[PDB]
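Comments concern the structure below.
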Amino acid sequence: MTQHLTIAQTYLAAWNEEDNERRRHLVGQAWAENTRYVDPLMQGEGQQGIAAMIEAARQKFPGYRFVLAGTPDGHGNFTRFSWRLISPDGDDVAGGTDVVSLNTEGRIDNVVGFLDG
Amino acid sequence: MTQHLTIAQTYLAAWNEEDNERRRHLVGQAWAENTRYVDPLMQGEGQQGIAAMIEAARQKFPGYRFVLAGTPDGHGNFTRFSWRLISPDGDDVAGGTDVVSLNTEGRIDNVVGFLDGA
C-alpha cells in the first residue's frame, strides 16, 4: 500500500517538476530504459522521450499542477492512482487515472493513462 | 466510444454467462490465443485458462453478477471500464475496474483488473 503511494508520488513529482534538468534526472532514476507511455493525447518511449513529452505537455499548460486524488492501490508490479489538474488560480479543471507497471528492478516500464471529468 | 462499450459488454457477457460451454465459445471468440489476465485475486493465460479461471471464480461466488458502472472509455487499442458486483438478493457488495487491450486482429490479448469499494 505504501509501496503504491510512493510510486504515485514519484510519478507525479516528475510531472510537477518545474526545472527541466531536474526532471530528466528524476525520470532517469524512476523510469526504465525500456519504458513506454500512452494516454489519450500523447505517447513516448525511453527516459529521454518521456522527459521530453512531459516538458512539451507542461509548455502547453503553464502553471498547471497534478494533485493526487484518492488512495493509490494495486497488486504485484501494478499501481493504480488518480489525479486532478489544478489551474494557476486553483481551479479543478480536469483529471485522469493511470496504471503504472514496474519492471523486476523497481523502475517504471509501462504507463497507460485515461482522462476523467 | 461505441467500440469501447461493445468491448466492455463482450467482456462482461463472458463473466455473466451461466453455462460453462457457452462461455468457452465466448472466450474463444473475444479472446486471443496469446492472452493474459491478472487482478488482485487471480491470473490466467490462454483462452482455455481464462475460461477455467472465470468458471472457478463463479463457483466461489454463485448467483453473483457483474454489472457495468459508468461509461467505458479509452484510446487506441485500450478500453477502460468499471463494474459492480451484485449479490443474488440484488445488493451491491463491491466492484472493480479493468484495462483491456486488443491485439491488431480485434481480440483481447491483455487485461489488468483492480478492486473498488463504494
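Simple scheme: letters A, B, ... for chains in C-alpha cells order, numbers from 1 for residues in each chain, numbers from 1 for ligands in the order shown.
For residue 3 of chain A, the list of residues within 12 Å, based on only C-alpha atoms and with local chain neighbours fewer than 5 positions off taken out, reads residues 8, 9, 10, 71, 72, 73, 74, 75, 76, 77, 78, 79, 80, 102 and 106 of chain A.
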>> Env of residue 84 of chain A: 7 Å cut, atoms = only C-alpha atoms, seq-sep filter 6 positions within chain, self excluded. Answer as a PyMOL selection string.
In response: chain A and resi 66-69+92+94-96
> For chain B, which residues have at least one atom within 8 Å of chain A, if we go by only C-alpha atoms? Write them as a ChimeraX atom specification, please.
Replying inline: /B:39-40,74-76,114
Keeping only C-alpha atoms, write the selected residues as a compact mmCIF listing (two decimals), in the first residue's frame.
```txt
# COMPACT_ATOMS: atom_id res chain seq x y z
CA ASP B 39 -6.29 -8.88 -10.99
CA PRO B 40 -5.64 -8.73 -7.22
CA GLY B 74 -10.36 4.56 -24.00
CA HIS B 75 -7.93 5.20 -26.79
CA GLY B 76 -6.05 3.20 -29.42
CA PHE B 114 -8.35 -3.66 -9.83
```
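When atom CA of residue 53 of chain A is paired with atom CA of residue 29 of chain A, their separation reads 16.7 Å.
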>> If I take atom CA of residue 45 of chain A and atom CA of residue 77 of chain B, how far is one from the other in Å, to one decimal?
In response: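 Atom-to-atom, atom CA of residue 45 of chain A and atom CA of residue 77 of chain B are spaced 17.3 Å apart.
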> Which residues, written as a PyMOL selection string, have at least one atom at most 12 Å from residue 31 of chain B, with only C-alpha atoms counted and residues fewer than 4 positions away on the same chain left out?
Replying inline: chain B and resi 7+10-11+14+23-27+35-37+45-51+100-103+105-111
>> Need the shell around residue 52 of chain A: protein/DNA/RNA residues with any atom at most 12 Å away, counting only C-alpha atoms. Skip same-chain ones fewer than 4 positions apart. Format as JSON, numbers by chain?
In response: {"A": [14, 15, 20, 21, 23, 24, 27, 37, 42, 43, 44, 45, 46, 47, 48, 56, 57, 58, 59]}
Those same residues, written as a PDB file, in the first residue's frame with C-alpha atoms?
```
ATOM      1  CA  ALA A  14       8.163  14.084 -12.254  1.00  0.00           C
ATOM      2  CA  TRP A  15       5.131  15.771 -13.841  1.00  0.00           C
ATOM      3  CA  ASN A  20      13.545  20.578 -16.937  1.00  0.00           C
ATOM      4  CA  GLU A  21      17.005  19.377 -15.894  1.00  0.00           C
ATOM      5  CA  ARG A  23      13.123  16.239 -14.347  1.00  0.00           C
ATOM      6  CA  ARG A  24      15.491  14.368 -16.584  1.00  0.00           C
ATOM      7  CA  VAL A  27      12.902  10.246 -14.934  1.00  0.00           C
ATOM      8  CA  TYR A  37       3.840   5.787 -22.043  1.00  0.00           C
ATOM      9  CA  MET A  42       0.180  11.532 -26.025  1.00  0.00           C
ATOM     10  CA  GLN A  43       2.765   8.812 -26.221  1.00  0.00           C
ATOM     11  CA  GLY A  44       6.505   8.434 -25.540  1.00  0.00           C
ATOM     12  CA  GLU A  45       9.262   5.857 -25.117  1.00  0.00           C
ATOM     13  CA  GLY A  46      12.556   5.844 -23.257  1.00  0.00           C
ATOM     14  CA  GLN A  47      13.760   8.026 -20.435  1.00  0.00           C
ATOM     15  CA  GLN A  48      14.655  10.850 -22.848  1.00  0.00           C
ATOM     16  CA  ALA A  56       6.127  19.595 -24.079  1.00  0.00           C
ATOM     17  CA  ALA A  57       2.870  18.934 -22.151  1.00  0.00           C
ATOM     18  CA  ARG A  58       3.803  21.478 -19.484  1.00  0.00           C
ATOM     19  CA  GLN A  59       4.704  24.135 -22.045  1.00  0.00           C
TER      20      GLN A  59
END
```
>> Between A:105, A:81, A:97, A:110, which residue has the minimum interatomic distance to residue 5 of chain A, considering only C-alpha atoms?
In response: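 Checking each candidate against residue 5 of chain A, we get A:81 as the closest.
Using only C-alpha atoms, the nearest neighbour of residue 81 of chain B within the list B:1, B:67, B:38, B:8 is B:8.
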> What is the atom CA of residue 98 of chain B to atom CA of residue 83 of chain A distance in Å?
Replying inline: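 We find that atom CA of residue 98 of chain B and atom CA of residue 83 of chain A lie 17.7 Å from each other.
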> Near residue 115 of chain B, within 7 Å and counting only C-alpha atoms, which residues show up once chain neighbours fewer than 3 positions away are dropped, as a PyMOL selection string?
Replying inline: chain B and resi 95-97
>> Considering only helix (DSSP H, G or I) as DSSP defines it on the backbone, what residues of segment 56-107 of chain A qualify? List them as a list in words.
In response: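 Across segment 56-107 of chain A, those assigned helix (DSSP H, G or I) are residues 56, 57, 58, 59 and 60 of chain A.
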Can I get the selection written as an mmCIF file, in the first residue's frame, with N, CA, C and O atoms?
```cif
data_model
loop_
_atom_site.group_PDB
_atom_site.id
_atom_site.type_symbol
_atom_site.label_atom_id
_atom_site.label_comp_id
_atom_site.auth_asym_id
_atom_site.auth_seq_id
_atom_site.Cartn_x
_atom_site.Cartn_y
_atom_site.Cartn_z
ATOM 1 N N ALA A 56 6.992 19.046 -23.046
ATOM 2 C CA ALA A 56 6.127 19.595 -24.079
ATOM 3 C C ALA A 56 4.712 19.838 -23.524
ATOM 4 O O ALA A 56 4.116 20.882 -23.752
ATOM 5 N N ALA A 57 4.201 18.862 -22.774
ATOM 6 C CA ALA A 57 2.870 18.934 -22.151
ATOM 7 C C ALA A 57 2.778 20.145 -21.225
ATOM 8 O O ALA A 57 1.825 20.918 -21.297
ATOM 9 N N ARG A 58 3.783 20.327 -20.382
ATOM 10 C CA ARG A 58 3.803 21.478 -19.484
ATOM 11 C C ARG A 58 3.898 22.823 -20.197
ATOM 12 O O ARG A 58 3.306 23.790 -19.732
ATOM 13 N N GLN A 59 4.629 22.890 -21.307
ATOM 14 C CA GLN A 59 4.704 24.135 -22.045
ATOM 15 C C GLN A 59 3.328 24.527 -22.560
ATOM 16 O O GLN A 59 3.035 25.696 -22.650
ATOM 17 N N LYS A 60 2.474 23.569 -22.867
ATOM 18 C CA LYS A 60 1.118 23.896 -23.328
ATOM 19 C C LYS A 60 0.176 24.320 -22.163
ATOM 20 O O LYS A 60 -0.782 25.059 -22.368
#
```
